[PDB]
Amino acid sequence: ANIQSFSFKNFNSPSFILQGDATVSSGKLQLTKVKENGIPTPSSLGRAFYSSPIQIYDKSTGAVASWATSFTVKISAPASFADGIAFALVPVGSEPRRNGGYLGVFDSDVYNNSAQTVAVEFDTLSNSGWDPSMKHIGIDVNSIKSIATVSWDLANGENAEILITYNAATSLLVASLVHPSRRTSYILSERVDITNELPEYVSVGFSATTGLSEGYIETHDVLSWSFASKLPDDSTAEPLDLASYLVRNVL
Amino acid sequence: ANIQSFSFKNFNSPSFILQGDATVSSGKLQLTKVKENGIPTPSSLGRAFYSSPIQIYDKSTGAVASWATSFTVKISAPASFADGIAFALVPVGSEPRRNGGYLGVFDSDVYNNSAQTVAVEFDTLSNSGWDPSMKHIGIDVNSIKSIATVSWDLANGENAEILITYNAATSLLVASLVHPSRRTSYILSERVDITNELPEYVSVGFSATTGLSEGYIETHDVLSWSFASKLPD
Amino acid sequence: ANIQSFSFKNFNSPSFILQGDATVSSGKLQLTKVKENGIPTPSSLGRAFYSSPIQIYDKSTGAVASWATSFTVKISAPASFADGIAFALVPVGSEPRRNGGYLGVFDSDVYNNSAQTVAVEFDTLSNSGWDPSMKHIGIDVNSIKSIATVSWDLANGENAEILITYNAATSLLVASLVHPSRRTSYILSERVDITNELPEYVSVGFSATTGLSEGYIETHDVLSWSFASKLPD
Amino acid sequence: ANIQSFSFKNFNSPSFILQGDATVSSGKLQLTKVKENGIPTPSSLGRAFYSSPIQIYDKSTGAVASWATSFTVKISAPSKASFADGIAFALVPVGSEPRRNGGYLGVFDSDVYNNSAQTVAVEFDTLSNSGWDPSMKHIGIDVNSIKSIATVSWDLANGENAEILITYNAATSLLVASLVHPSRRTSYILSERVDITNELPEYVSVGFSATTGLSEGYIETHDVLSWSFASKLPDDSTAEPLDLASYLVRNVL
Ligand SMILES: Nc1ncnc2[nH]cnc12
Ligand SMILES: Nc1ncnc2[nH]cnc12
Ligand SMILES: Nc1ncnc2[nH]cnc12
Ligand SMILES: Nc1ncnc2[nH]cnc12
Ligand SMILES: [Ca+2]
Ligand SMILES: [Ca+2]
Ligand SMILES: [Ca+2]
Ligand SMILES: [Ca+2]
Ligand SMILES: [Mn+2]
Ligand SMILES: [Mn+2]
Ligand SMILES: [Mn+2]
Ligand SMILES: [Mn+2]
């Protein structure tokens, strides 16, 4: 089995690939532009990935990896919320895509297998063309139109503790968010045939955009991030030990 | 920091403390009685804990542990569902408590700090005296009347993958359940001041009971279990 | 796969099985008796094991566990060194054995499979009947006469950081010691067919004895201990 | 605390930075050139590092990382030839380009201490160079010079697996290296104090470097069959060694 994992409580540019307005300051990862006075900027786009590629599966052996990631984000608006942040698995060379409601990871709301991108979004602005009525968490598979969503009551300026996992045995992708301050929690799950939607190797990280209008803005700060992946030697899949993963990585 | 952790995909009596009708068979942990033909039995009560005590906090240093546990259960009814299964943190010497709707871990629905027990229940039968309308997941703190619950649609005979965690920094206890077969998931969270509700050392494990009537029965099988704890200095 | 692991930087009696003069004080594990003034005592014997049994192998599946342990000991003599400390894998019910040069884990220097005990010793006193000329580290398999040893220059009163591992793939048991203060290190390795020398379940821990004479004494303090085991399917 | 770790039982180019003749084939990492017929080549040099930099310490907080690595190598020399030159596990500056070949193992330029080299390595030297080497084949700790600050004799078992384990404990500042040839049940260990914050930069790349002899008959192969690495950087000055019991079973065993 092959394993790769990391856990950061403090950020520094060397281990990350930064794109767009993504910057590291005061130990935290700021995905979108922010004026010196502290207020967000419109039309911003930022991405950040771990500098080492992760192998999601192996065509020759037929093995599929199980993985998990957890991070803490803080979204603040002075002003209306827009556009959101996504955790994404993109092709290794990958360059940013459309901004605004496309969150920098997609080009359209029509399924396009060739986009080879899967993401879990925390959408703060409903786009009439493809979005559910309110702020939501969604699973995007090669299109900005989530294959599943759940309502989310964003607590402005308060920490959000997210946990995403993929179990190769059940092919189930599960995402959950918790706002400790309000004792509120959300969860969502859907089956995803990963070997068909992504390449063998991918970069893992975040993508975030602000609104395209003067008053549709918010900040996207990642305060901590952990990731762990396990690729077996044969077809037989083996979920990860989360009890052990969080305490040794998150708690 | 002190750490203790384990992960079982196969069960064997040696590493566990079995109470009541709790038994290990064919590699799985069966908390409640089951007739040879495979059908559950009424008035059953079973408990099982890891043989090594876990230190939840330290009075002298003021440190509080963060921990997590995950397991897979399978609940089946031929009949009506009753009574449920709970993941519990009990005092080390601890003997079973009332059966039926008390799930073997409590004696009343009135808060009693001296019970020194905290549990996360998967309640399959609504007891008029203290339960919400339907089947639910709840956090119990020294009383069978959950301080918080969430509706749960139990998928009969299908695996349930549960994950419970306690974060000492936020004092937040979070429980989640997933039925992979139906792609359904539930989550619940509530702040718990653990150092006030439990002793420094506890045993961790499960407790399960069946209904007290002829037709209120179900099975409680644990197929795998992991636990991890970290106590700072 | 089944996994069990723990790591202590601070000790407390609840999670351990203490035998003989083994005691926990000021957060450390003291295996042998010590007078209030701080000086060791002769004819002492102490043992301590983790309260949860560990499965070394499985007869039905034919799987053998790989494991590792690491700890820090401090041995001090006011006086001549005796008798030593051992890391041992004993049968679960196991009661102490002969003291003195037998380190509390064996009864003779003649191989006796029925002893079902394997130990890695840090022998501070050469017993003419079975010991190499000086202080040594040795691997004992069902007898106090090590099947392999290595010379060891004990640094009185200075910490010793030990690491022992068992690789089921190669059947190799490897032990190593490091005295950071003197920048000295020792290593030893030998093949051991574990499934033949021990039972499926064992208790893991330490055993230590002092000399049987008035001036053959030393202290045996364990300052930290970690253990990890993995049993495949 | 910041943590980074990985463990490979099978190799693939994407996650590694390959330099020189370093190549990945049949799942293993081949550091030095090898003719199709299987025999090694002279004057070869190969290096390979994990694609993500590792932070060894932090100047602002004064924290120093504790880390460990373990790997399995197989060194082989054809009957008619002689062993040369060796393989090293190294911690080099991030941009770092290969250095002198032959007995310099691709990581150093001289046997005179040069702090500006900012490189620390643990070598498995198969050829004694009169100018700075002990009499026989050895394991040594090199700190900014090819002349080890400490060595230990090593009886290389030709063609047999070598299981190496290297660790650095920030609390004691002790670097410890060990090798085991399971086939022969032989083992070696070496240890020495190293003030890492003074010999290396805050960020480094971790990996291997290997060279073959500069003569027609001084050649050997350098194959890495598996590799694990784990690092932990605290938030303050206070150092905390790693849990090796847990590290090997979860990574090596
Ligand atoms: N990703 C996830 N988030 C929350 N609970 C889970 N249970 C299993 N996977 C989970
Ligand atoms: N116990 C838990 N279950 C699901 N998601 C979580 N996120 C944090 N703790 C969690
Ligand atoms: N037990 C052990 N001690 C020291 N080095 C080792 N390398 C492999 N096993 C070892
Ligand atoms: N690097 C190392 N190799 C072998 N034994 C060790 N004990 C502590 N560190 C070690
Ligand atoms: Ca949107
Ligand atoms: Ca009930
Ligand atoms: Ca002796
Ligand atoms: Ca040389
Ligand atoms: Mn959306
Ligand atoms: Mn209830
Ligand atoms: Mn001896
Ligand atoms: Mn040399």
# chains A, B, ... in the order shown; residues from 1 in each chain; ligands from 1

$ residues_around --residues "residue B:219" --least-positions-apart "4" --cutoff "6 Å" --atoms "only C-alpha atoms" --output "number ranges by chain"
B: 40, 75-76

$ select_by_dssp --residues "stretch 86-170 of chain C" --states "strand (DSSP E or B)" --output "JSON, numbers by chain"
{"C": [86, 87, 88, 89, 90, 91, 118, 119, 120, 121, 122, 123, 136, 137, 138, 139, 140, 141, 148, 149, 150, 151, 159, 160, 161, 162, 163, 164, 165, 166, 167]}

$ write_last_selection --atoms "N, CA, C and O atoms" --output "compact mmCIF listing (two decimals), in the first residue's frame"
# COMPACT_ATOMS: atom_id res chain seq x y z
N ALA C 86 13.93 -6.77 31.88
CA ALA C 86 13.56 -7.41 30.63
C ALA C 86 12.22 -6.94 30.08
O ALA C 86 11.30 -6.60 30.85
N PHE C 87 12.12 -6.89 28.76
CA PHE C 87 10.85 -6.55 28.13
C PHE C 87 10.33 -7.95 27.79
O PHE C 87 11.03 -8.72 27.12
N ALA C 88 9.14 -8.29 28.25
CA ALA C 88 8.65 -9.63 28.00
C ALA C 88 7.25 -9.80 27.43
O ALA C 88 6.37 -8.94 27.57
N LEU C 89 7.05 -10.95 26.78
CA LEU C 89 5.77 -11.34 26.20
C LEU C 89 5.44 -12.63 26.94
O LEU C 89 6.01 -13.68 26.64
N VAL C 90 4.54 -12.54 27.92
CA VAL C 90 4.16 -13.70 28.73
C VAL C 90 2.70 -14.14 28.53
O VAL C 90 1.89 -13.41 27.96
N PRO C 91 2.36 -15.37 28.98
CA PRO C 91 0.98 -15.87 28.85
C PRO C 91 0.08 -14.94 29.67
O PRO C 91 0.50 -14.44 30.71
N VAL C 118 8.94 -15.18 25.91
CA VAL C 118 10.03 -14.65 25.10
C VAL C 118 10.36 -13.29 25.71
O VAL C 118 9.46 -12.54 26.07
N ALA C 119 11.65 -12.99 25.86
CA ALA C 119 12.05 -11.72 26.45
C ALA C 119 13.33 -11.18 25.84
O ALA C 119 14.10 -11.91 25.25
N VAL C 120 13.50 -9.87 25.97
CA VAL C 120 14.70 -9.20 25.51
C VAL C 120 15.23 -8.62 26.82
O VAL C 120 14.58 -7.78 27.46
N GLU C 121 16.40 -9.08 27.22
CA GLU C 121 16.98 -8.64 28.48
C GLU C 121 18.12 -7.67 28.39
O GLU C 121 18.85 -7.61 27.38
N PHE C 122 18.26 -6.91 29.46
CA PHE C 122 19.32 -5.93 29.64
C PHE C 122 19.92 -6.38 30.96
O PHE C 122 19.59 -5.90 32.04
N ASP C 123 20.78 -7.40 30.82
CA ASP C 123 21.46 -8.10 31.90
C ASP C 123 22.65 -7.36 32.48
O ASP C 123 23.65 -7.17 31.79
N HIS C 136 25.27 -7.35 29.17
CA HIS C 136 24.84 -7.56 27.79
C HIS C 136 23.36 -7.38 27.55
O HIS C 136 22.56 -7.24 28.49
N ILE C 137 23.01 -7.40 26.27
CA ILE C 137 21.64 -7.32 25.83
C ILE C 137 21.45 -8.69 25.22
O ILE C 137 22.33 -9.16 24.48
N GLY C 138 20.35 -9.36 25.52
CA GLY C 138 20.14 -10.68 24.95
C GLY C 138 18.70 -11.02 24.63
O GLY C 138 17.76 -10.44 25.18
N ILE C 139 18.53 -11.97 23.72
CA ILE C 139 17.21 -12.41 23.32
C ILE C 139 17.00 -13.78 23.97
O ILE C 139 17.71 -14.74 23.66
N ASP C 140 16.03 -13.87 24.87
CA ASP C 140 15.73 -15.13 25.55
C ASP C 140 14.47 -15.78 25.01
O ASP C 140 13.42 -15.15 24.96
N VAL C 141 14.57 -17.05 24.65
CA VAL C 141 13.43 -17.79 24.13
C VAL C 141 13.16 -19.05 24.96
O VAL C 141 13.70 -20.10 24.70
N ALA C 148 21.24 -15.28 21.76
CA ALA C 148 22.12 -14.31 21.11
C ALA C 148 22.28 -13.15 22.05
O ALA C 148 21.33 -12.78 22.72
N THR C 149 23.50 -12.61 22.14
CA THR C 149 23.77 -11.49 23.01
C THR C 149 24.73 -10.53 22.35
O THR C 149 25.27 -10.80 21.27
N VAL C 150 24.94 -9.40 23.00
CA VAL C 150 25.84 -8.40 22.49
C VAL C 150 26.32 -7.64 23.72
O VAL C 150 25.55 -7.45 24.67
N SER C 151 27.59 -7.26 23.71
CA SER C 151 28.16 -6.54 24.85
C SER C 151 27.50 -5.20 25.00
O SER C 151 27.12 -4.57 24.02
N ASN C 159 19.94 7.92 30.89
CA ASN C 159 18.84 7.35 30.13
C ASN C 159 19.27 6.42 29.02
O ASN C 159 20.26 6.66 28.33
N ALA C 160 18.50 5.35 28.86
CA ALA C 160 18.73 4.38 27.79
C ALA C 160 17.46 4.36 26.94
O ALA C 160 16.36 4.16 27.46
N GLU C 161 17.60 4.61 25.65
CA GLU C 161 16.44 4.59 24.77
C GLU C 161 16.46 3.32 23.94
O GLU C 161 17.27 3.17 23.03
N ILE C 162 15.57 2.41 24.28
CA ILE C 162 15.46 1.11 23.63
C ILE C 162 14.35 1.02 22.58
O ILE C 162 13.30 1.64 22.71
N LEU C 163 14.61 0.24 21.53
CA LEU C 163 13.64 0.03 20.48
C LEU C 163 13.70 -1.43 20.08
O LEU C 163 14.75 -1.92 19.68
N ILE C 164 12.58 -2.13 20.20
CA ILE C 164 12.50 -3.54 19.84
C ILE C 164 11.42 -3.73 18.76
O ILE C 164 10.33 -3.15 18.84
N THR C 165 11.70 -4.53 17.75
CA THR C 165 10.73 -4.75 16.71
C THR C 165 10.69 -6.20 16.26
O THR C 165 11.67 -6.92 16.39
N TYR C 166 9.55 -6.64 15.76
CA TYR C 166 9.41 -7.99 15.24
C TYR C 166 8.76 -7.86 13.87
O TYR C 166 7.68 -7.28 13.72
N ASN C 167 9.43 -8.39 12.85
CA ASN C 167 8.93 -8.34 11.49
C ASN C 167 8.48 -9.75 11.11
O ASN C 167 9.30 -10.65 10.92

$ residues_near_ligand --ligand "ligand 1" --cutoff "6 Å" --atoms "only C-alpha atoms and all ligand atoms" --output "ChimeraX atom specification"
/A:163-165,174-176 /B:163,176

$ write_last_selection --atoms "N, CA, C and O atoms" --output "compact mmCIF listing (two decimals), in the first residue's frame"
# COMPACT_ATOMS: atom_id res chain seq x y z
N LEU A 163 -15.07 18.14 6.97
CA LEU A 163 -14.46 16.82 6.89
C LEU A 163 -15.04 16.11 5.67
O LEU A 163 -16.24 15.91 5.58
N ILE A 164 -14.17 15.74 4.74
CA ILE A 164 -14.58 15.04 3.52
C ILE A 164 -13.86 13.69 3.45
O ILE A 164 -12.68 13.60 3.75
N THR A 165 -14.57 12.65 3.07
CA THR A 165 -13.95 11.35 2.98
C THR A 165 -14.45 10.58 1.76
O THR A 165 -15.55 10.82 1.27
N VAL A 174 -18.41 11.42 1.24
CA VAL A 174 -19.20 12.05 2.28
C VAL A 174 -18.56 13.37 2.72
O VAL A 174 -17.36 13.42 2.95
N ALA A 175 -19.36 14.42 2.83
CA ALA A 175 -18.86 15.72 3.25
C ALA A 175 -19.71 16.19 4.41
O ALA A 175 -20.90 15.91 4.47
N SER A 176 -19.09 16.90 5.35
CA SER A 176 -19.81 17.39 6.50
C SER A 176 -19.17 18.69 6.98
O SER A 176 -17.97 18.91 6.79
N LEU B 163 -19.74 7.46 13.26
CA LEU B 163 -18.51 8.14 13.62
C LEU B 163 -18.84 9.14 14.72
O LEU B 163 -19.66 10.02 14.52
N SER B 176 -22.35 11.06 13.85
CA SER B 176 -22.87 11.01 12.49
C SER B 176 -23.13 9.54 12.10
O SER B 176 -22.47 8.64 12.60

$ closest_atom_pairs --of "chain B" --to "chain D" --cutoff "12 Å" --atoms "only C-alpha atoms" --output "Markdown table"
| residue | atom | partner | partner_atom | distance |
| --- | --- | --- | --- | --- |
| B:1 | CA | D:240 | CA | 9.9 |
| B:2 | CA | D:243 | CA | 11.3 |
| B:3 | CA | D:243 | CA | 10.5 |
| B:4 | CA | D:246 | CA | 11.1 |
| B:5 | CA | D:246 | CA | 10.8 |
| B:6 | CA | D:246 | CA | 11.9 |

$ write_last_selection --atoms "N, CA and C atoms" --output "short mmCIF file (atom, residue, chain, number, x, y, z; two decimals), in the first residue's frame"
data_model
loop_
_atom_site.label_atom_id
_atom_site.label_comp_id
_atom_site.auth_asym_id
_atom_site.auth_seq_id
_atom_site.Cartn_x
_atom_site.Cartn_y
_atom_site.Cartn_z
N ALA B 1 2.13 13.71 25.89
CA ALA B 1 0.76 13.25 25.58
C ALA B 1 0.66 11.74 25.70
N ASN B 2 -0.49 11.26 26.16
CA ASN B 2 -0.73 9.83 26.29
C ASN B 2 -1.73 9.42 25.22
N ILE B 3 -1.46 8.31 24.56
CA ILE B 3 -2.32 7.85 23.48
C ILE B 3 -2.69 6.39 23.61
N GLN B 4 -3.92 6.08 23.28
CA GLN B 4 -4.39 4.70 23.31
C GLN B 4 -5.29 4.60 22.10
N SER B 5 -5.21 3.50 21.39
CA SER B 5 -6.03 3.33 20.23
C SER B 5 -6.08 1.87 19.82
N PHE B 6 -7.14 1.49 19.13
CA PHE B 6 -7.28 0.12 18.66
C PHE B 6 -8.23 0.12 17.48
#

$ closest_atom_pairs --of "chain A" --to "ligand 9" --cutoff "9 Å" --atoms "only C-alpha atoms and all ligand atoms" --output "tab-separated table"
residue	atom	partner	partner_atom_place_in_ligand_line	distance
A:84	CA	ligand 9	1 (Mn)	8.9
A:101	CA	ligand 9	1 (Mn)	7.9
A:102	CA	ligand 9	1 (Mn)	8.6
A:121	CA	ligand 9	1 (Mn)	6.8
A:122	CA	ligand 9	1 (Mn)	7.6
A:123	CA	ligand 9	1 (Mn)	5.3
A:124	CA	ligand 9	1 (Mn)	8.3
A:125	CA	ligand 9	1 (Mn)	7.9
A:126	CA	ligand 9	1 (Mn)	6.9
A:127	CA	ligand 9	1 (Mn)	7.4
A:130	CA	ligand 9	1 (Mn)	6.9
A:131	CA	ligand 9	1 (Mn)	4.9
A:132	CA	ligand 9	1 (Mn)	7.0
A:135	CA	ligand 9	1 (Mn)	8.2
A:136	CA	ligand 9	1 (Mn)	6.8
A:137	CA	ligand 9	1 (Mn)	7.3
A:138	CA	ligand 9	1 (Mn)	6.0
A:139	CA	ligand 9	1 (Mn)	8.3
A:140	CA	ligand 9	1 (Mn)	7.9
A:144	CA	ligand 9	1 (Mn)	6.3
A:145	CA	ligand 9	1 (Mn)	5.9
A:146	CA	ligand 9	1 (Mn)	5.7
A:149	CA	ligand 9	1 (Mn)	7.6

$ interface_residues --of "chain B" --to "chain A" --cutoff "7 Å" --atoms "only C-alpha atoms" --output "list in words"
residues 66, 67, 68, 69, 70, 167, 170, 172, 180, 183, 184, 185, 186, 187, 188, 189, 190, 226, 227, 228, 229 and 230 of chain B

$ write_last_selection --atoms "N, CA, C and O atoms" --output "PDB file, in the first residue's frame"
ATOM      1  N   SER B  66      -9.046  14.407  23.660  1.00  0.00           N
ATOM      2  CA  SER B  66      -9.840  14.523  22.447  1.00  0.00           C
ATOM      3  C   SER B  66      -9.870  13.081  21.985  1.00  0.00           C
ATOM      4  O   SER B  66      -8.873  12.375  22.091  1.00  0.00           O
ATOM      5  N   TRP B  67     -10.994  12.621  21.473  1.00  0.00           N
ATOM      6  CA  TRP B  67     -11.040  11.235  21.032  1.00  0.00           C
ATOM      7  C   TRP B  67     -12.035  11.047  19.904  1.00  0.00           C
ATOM      8  O   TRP B  67     -12.799  11.959  19.561  1.00  0.00           O
ATOM      9  N   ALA B  68     -12.026   9.852  19.335  1.00  0.00           N
ATOM     10  CA  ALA B  68     -12.914   9.539  18.248  1.00  0.00           C
ATOM     11  C   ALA B  68     -13.097   8.044  18.218  1.00  0.00           C
ATOM     12  O   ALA B  68     -12.220   7.298  18.661  1.00  0.00           O
ATOM     13  N   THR B  69     -14.246   7.611  17.714  1.00  0.00           N
ATOM     14  CA  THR B  69     -14.529   6.193  17.589  1.00  0.00           C
ATOM     15  C   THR B  69     -15.403   6.031  16.361  1.00  0.00           C
ATOM     16  O   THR B  69     -16.124   6.952  15.970  1.00  0.00           O
ATOM     17  N   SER B  70     -15.310   4.871  15.735  1.00  0.00           N
ATOM     18  CA  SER B  70     -16.119   4.596  14.574  1.00  0.00           C
ATOM     19  C   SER B  70     -16.438   3.107  14.570  1.00  0.00           C
ATOM     20  O   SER B  70     -15.619   2.288  14.990  1.00  0.00           O
ATOM     21  N   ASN B 167     -14.073  16.957  20.648  1.00  0.00           N
ATOM     22  CA  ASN B 167     -13.002  17.921  20.479  1.00  0.00           C
ATOM     23  C   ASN B 167     -12.886  18.730  21.764  1.00  0.00           C
ATOM     24  O   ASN B 167     -13.746  19.565  22.052  1.00  0.00           O
ATOM     25  N   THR B 170     -13.153  22.743  21.575  1.00  0.00           N
ATOM     26  CA  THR B 170     -14.476  23.356  21.445  1.00  0.00           C
ATOM     27  C   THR B 170     -15.488  22.717  22.391  1.00  0.00           C
ATOM     28  O   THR B 170     -16.591  23.231  22.543  1.00  0.00           O
ATOM     29  N   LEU B 172     -17.073  20.193  21.886  1.00  0.00           N
ATOM     30  CA  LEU B 172     -18.132  19.689  21.044  1.00  0.00           C
ATOM     31  C   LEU B 172     -18.095  18.192  20.779  1.00  0.00           C
ATOM     32  O   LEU B 172     -17.079  17.642  20.345  1.00  0.00           O
ATOM     33  N   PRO B 180     -24.652   3.517   3.739  1.00  0.00           N
ATOM     34  CA  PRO B 180     -24.107   3.494   2.372  1.00  0.00           C
ATOM     35  C   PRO B 180     -25.075   2.947   1.312  1.00  0.00           C
ATOM     36  O   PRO B 180     -25.137   3.463   0.195  1.00  0.00           O
ATOM     37  N   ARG B 183     -27.437   5.684   0.652  1.00  0.00           N
ATOM     38  CA  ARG B 183     -26.777   6.975   0.460  1.00  0.00           C
ATOM     39  C   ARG B 183     -27.379   8.055   1.351  1.00  0.00           C
ATOM     40  O   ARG B 183     -27.400   9.220   0.978  1.00  0.00           O
ATOM     41  N   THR B 184     -27.880   7.663   2.520  1.00  0.00           N
ATOM     42  CA  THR B 184     -28.457   8.610   3.463  1.00  0.00           C
ATOM     43  C   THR B 184     -27.476   8.878   4.612  1.00  0.00           C
ATOM     44  O   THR B 184     -26.692   8.002   4.998  1.00  0.00           O
ATOM     45  N   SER B 185     -27.523  10.082   5.169  1.00  0.00           N
ATOM     46  CA  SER B 185     -26.624  10.426   6.254  1.00  0.00           C
ATOM     47  C   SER B 185     -27.254  11.397   7.235  1.00  0.00           C
ATOM     48  O   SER B 185     -28.075  12.233   6.860  1.00  0.00           O
ATOM     49  N   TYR B 186     -26.851  11.279   8.499  1.00  0.00           N
ATOM     50  CA  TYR B 186     -27.368  12.114   9.576  1.00  0.00           C
ATOM     51  C   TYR B 186     -26.226  12.601  10.440  1.00  0.00           C
ATOM     52  O   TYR B 186     -25.211  11.923  10.568  1.00  0.00           O
ATOM     53  N   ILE B 187     -26.389  13.780  11.027  1.00  0.00           N
ATOM     54  CA  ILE B 187     -25.360  14.359  11.878  1.00  0.00           C
ATOM     55  C   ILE B 187     -26.006  15.141  13.012  1.00  0.00           C
ATOM     56  O   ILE B 187     -27.088  15.713  12.873  1.00  0.00           O
ATOM     57  N   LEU B 188     -25.326  15.173  14.146  1.00  0.00           N
ATOM     58  CA  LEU B 188     -25.840  15.835  15.335  1.00  0.00           C
ATOM     59  C   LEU B 188     -24.637  16.327  16.135  1.00  0.00           C
ATOM     60  O   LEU B 188     -23.585  15.696  16.133  1.00  0.00           O
ATOM     61  N   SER B 189     -24.787  17.452  16.821  1.00  0.00           N
ATOM     62  CA  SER B 189     -23.685  17.985  17.609  1.00  0.00           C
ATOM     63  C   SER B 189     -24.171  18.820  18.779  1.00  0.00           C
ATOM     64  O   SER B 189     -25.177  19.515  18.685  1.00  0.00           O
ATOM     65  N   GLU B 190     -23.453  18.740  19.894  1.00  0.00           N
ATOM     66  CA  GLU B 190     -23.817  19.497  21.080  1.00  0.00           C
ATOM     67  C   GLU B 190     -22.618  19.641  22.011  1.00  0.00           C
ATOM     68  O   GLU B 190     -21.795  18.750  22.106  1.00  0.00           O
ATOM     69  N   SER B 226     -13.281   0.986  15.955  1.00  0.00           N
ATOM     70  CA  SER B 226     -12.003   1.677  16.126  1.00  0.00           C
ATOM     71  C   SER B 226     -12.182   2.745  17.169  1.00  0.00           C
ATOM     72  O   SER B 226     -13.270   3.313  17.310  1.00  0.00           O
ATOM     73  N   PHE B 227     -11.113   3.015  17.908  1.00  0.00           N
ATOM     74  CA  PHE B 227     -11.131   4.032  18.939  1.00  0.00           C
ATOM     75  C   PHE B 227      -9.743   4.629  19.049  1.00  0.00           C
ATOM     76  O   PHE B 227      -8.746   3.935  18.872  1.00  0.00           O
ATOM     77  N   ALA B 228      -9.679   5.924  19.325  1.00  0.00           N
ATOM     78  CA  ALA B 228      -8.400   6.597  19.460  1.00  0.00           C
ATOM     79  C   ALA B 228      -8.606   7.739  20.431  1.00  0.00           C
ATOM     80  O   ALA B 228      -9.606   8.448  20.362  1.00  0.00           O
ATOM     81  N   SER B 229      -7.639   7.922  21.322  1.00  0.00           N
ATOM     82  CA  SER B 229      -7.704   8.952  22.345  1.00  0.00           C
ATOM     83  C   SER B 229      -6.350   9.614  22.546  1.00  0.00           C
ATOM     84  O   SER B 229      -5.328   8.955  22.493  1.00  0.00           O
ATOM     85  N   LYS B 230      -6.340  10.916  22.792  1.00  0.00           N
ATOM     86  CA  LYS B 230      -5.091  11.640  23.011  1.00  0.00           C
ATOM     87  C   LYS B 230      -5.219  12.608  24.168  1.00  0.00           C
ATOM     88  O   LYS B 230      -5.991  13.556  24.102  1.00  0.00           O
TER      89      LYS B 230
END

$ residues_around --residues "residue D:136" --least-positions-apart "3" --cutoff "9 Å" --atoms "only C-alpha atoms" --output "list in words"
residues 125, 126, 127, 128, 133, 153, 154 and 155 of chain D

$ residues_around --residues "stretch 62-77 of chain D" --least-positions-apart "5" --cutoff "8 Å" --atoms "only C-alpha atoms" --output "count of residues only"
45

$ interface_residues --of "chain C" --to "chain B" --cutoff "12 Å" --atoms "only C-alpha atoms" --output "ChimeraX atom specification"
/C:1-17,27,49-55,58,60-61,92-93,200-203,224-233

$ interface_residues --of "chain D" --to "chain A" --cutoff "9 Å" --atoms "only C-alpha atoms" --output "list in words"
residues 1, 2, 3, 4, 5, 6, 7, 8, 9, 10, 14, 15, 16, 50, 51, 52, 53, 54, 55, 203, 228, 235 and 251 of chain D
